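First, one chain by itself: the form deposited in one PDB entry, in structure tokens.
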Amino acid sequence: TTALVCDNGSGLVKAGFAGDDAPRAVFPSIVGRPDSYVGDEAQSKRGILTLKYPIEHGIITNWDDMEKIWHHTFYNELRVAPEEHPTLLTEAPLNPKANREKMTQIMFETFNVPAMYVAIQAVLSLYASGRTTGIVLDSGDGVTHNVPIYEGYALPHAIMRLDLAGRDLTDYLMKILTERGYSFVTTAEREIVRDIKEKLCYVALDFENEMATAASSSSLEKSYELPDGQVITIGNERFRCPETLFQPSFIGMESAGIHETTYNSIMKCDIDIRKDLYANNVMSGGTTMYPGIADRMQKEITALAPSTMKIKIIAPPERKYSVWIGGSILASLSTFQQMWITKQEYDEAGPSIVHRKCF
């Protein structure tokens, strides 16, 4: 009867049981066809399968394939009967109301859960840091958000979204390396470049200075052993790739960078709470894992913020799993149990009960 927590991401599903300290199931958010394969099944049968991604920039957009992902989660990964477990699902900031209603309809009508809830991902990450007030930078495979939160609740009018995250950074590195004369095209090759990104990339504190260092010495060069044993060496690509988060123009996007969106979000909030936001900037998601990113954010926010405001960037080491962990905590609390949408409540009112019980 333990509650389930399923954190639905653009790139990865993280799922498990409330009270656990990490998700037991982490698998790609992919459905593959030459009947259909889900997750690891679809990844380790490379090439001959075309892939669909049911979650696009954080939002569920292919509902039938999303049902396959949920089926795979319950039955293949966790080995549970959904009808025996309250289930907490996560959603993106600013998820449409009709989307949350559809998630609810599916959980009750398709999976026959006894109870469910939908929580905002960035909010859960803040909780996982021990806070109810702060501003989260959540950046994953598909989307980046800035979400200011006060006394446990997101401030929707101040949320910012950037459709630039980990997959765009992998694609950019792939482009750079393809131009330098390497062959990286297939989905197996995408996996290699993702790995190079994750192992060798970092955020420069000062991008101009770092470009000058790389132009004058070999001290920033790092090597990477490909799957056949041949070696690739990169230098300034290491920091040019994630610099895109700060300078989206690198991939031809007109948007403000993540430091500017963070500041703009704080400036949309009541002046009386900004001190608390500046002192509680929490990073969440895999794309915040780059070495150097917290220090860079600290500098850039300091440049924009009023003088002497204490700026604090919190970068939890567990931040690849922060959203999930926040859900695990929330769903375990005694005070939360009154908050579940029960099947009875859903029968009484319908799927639109979700607006009165969730955000």
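We number the residues from 1 along the sequence you see. C-alpha atoms forming the largest set that superposes within 1.5 Å between two forms make up the rigid core.
**Student:** Scan the PDB entry between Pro34 and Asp35 and report the missing deposited residues as one of none, 1 to 3, 4 to 9, 10 or more.
**Tutor:** A long stretch, 10 or more residues, is missing between them.
**Student:** Do the C-alpha atoms of 189-197 or of 222-230 have the higher average B factor in the entry?
**Tutor:** Between 189-197 and 222-230, it is 222-230 that shows the higher mean C-alpha B-factor.
**Student:** Could you check which stretch, 72-80 or 113-121, carries the larger mean CA temperature factor in the entry?
**Tutor:** On average, C-alpha B-factors are higher across 72-80.
**Student:** Just to confirm, going by the entry's C-alpha B-factors, which of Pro351, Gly19, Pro23, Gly11 comes out highest?
**Tutor:** Largest recorded C-alpha B-factor: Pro351.
**Student:** By the entry's C-alpha temperature factors, tell me which of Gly326, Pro291, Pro306, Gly39 sits highest.
**Tutor:** Among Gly326, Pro291, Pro306, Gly39, the highest C-alpha B-factor in the entry belongs to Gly39.
**Student:** So where's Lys175 on the chain's Cα temperature factor ranking, which third?
**Tutor:** Its C-alpha B-factor belongs to the middle third of this chain's values.
**Student:** Hey, what third does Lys102 fall into on Cα B-factor, ranked over its chain?
**Tutor:** Middle third.
**Student:** Could you place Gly252 in the lowest, middle or highest third of its chain by Cα temperature factor, using the values in the record?
**Tutor:** Answer is highest: the recorded C-alpha B-factor places it there.
**Student:** C-alpha B factor of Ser129, ranked within the chain: lowest, middle or highest third?
**Tutor:** Ranked within chain, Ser129 CA B lands in the lowest tercile.
**Student:** Based on the entry's values, in what third of the chain does the Cα temperature factor of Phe207 lie: lowest, middle or highest?
**Tutor:** Within its chain, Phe207 is a middle-third residue by C-alpha B-factor, going by the deposited values.
The discussion below concerns the form deposited with a partner chain bound, not included here.
**Student:** Would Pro23 count as touching the partner chain in the entry with it bound under a 4.5 Å heavy atom rule?
**Tutor:** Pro23: yes, in contact with the partner chain in the entry with it bound.
**Student:** Go through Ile251, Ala188, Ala81, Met267 and flag the only one whose CA is off by 2 Å or more between the shown form and the other one, rigid core held fixed.
**Tutor:** The one that shifts is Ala188.
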